[PDB]
């Protein structure tokens, strides 16, 4: 490609829990500047993900694009981290949502159901150049 997202990034699917960032970067006046690029970051259950760590993960997800030099200004207040998996026991698909807060929430261990759950972050973020 002309900008192949993935310097070295794993060629095969992740072997453990990961955070998937899919943000759309916008300016203040509501103009879309950057379309969502797929980016993965491994995470560990037991970790606490706060709003500040989320802000830094999205700034790092931009470094994978042409907007590598932008900083996060403001994260959509309604963003949440969602995870979807199939529960072995009940036999249904289930989805958990965690809100992005200052105190934060702890990464759950869903390994009993899936070894590599995908924690999804899909929002808009106002970004500005450094």
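Numbering follows the first chain given and starts at 1.
Undergrad: Mean CA temperature factor from the deposited coordinates, higher in 86 to 94 or in 41 to 49?
TA: Mean CA B-factor is higher for 86 to 94.
Undergrad: With respect to the recorded C-alpha B factors, which stretch has the higher mean value, 18 to 26 or 5 to 13?
TA: In the deposited entry, the stretch with the higher C-alpha B-factor mean is 5 to 13.
Undergrad: By its CA B factor, does residue 69 count among the lowest, middle or highest third of the modelled residues in the chain?
TA: Highest third, going by the recorded CA B-factors of the chain.
Undergrad: Is residue 63 in the lowest, middle or highest third of its chain when residues are ranked by C-alpha B-factor?
TA: Middle third - that is where residue 63 ends up once the chain's C-alpha B-factors are sorted.
Undergrad: Based on the deposited C-alpha B factors for this chain, I'd like to know if residue 55 is in the lowest, middle or highest third.
TA: Residue 55: CA B-factor falls in the lowest third of its chain.
Undergrad: Could you tell me which third, lowest, middle or highest, the C-alpha B-factor of residue 75 occupies within its chain?
TA: Middle third, going by the recorded CA B-factors of the chain.
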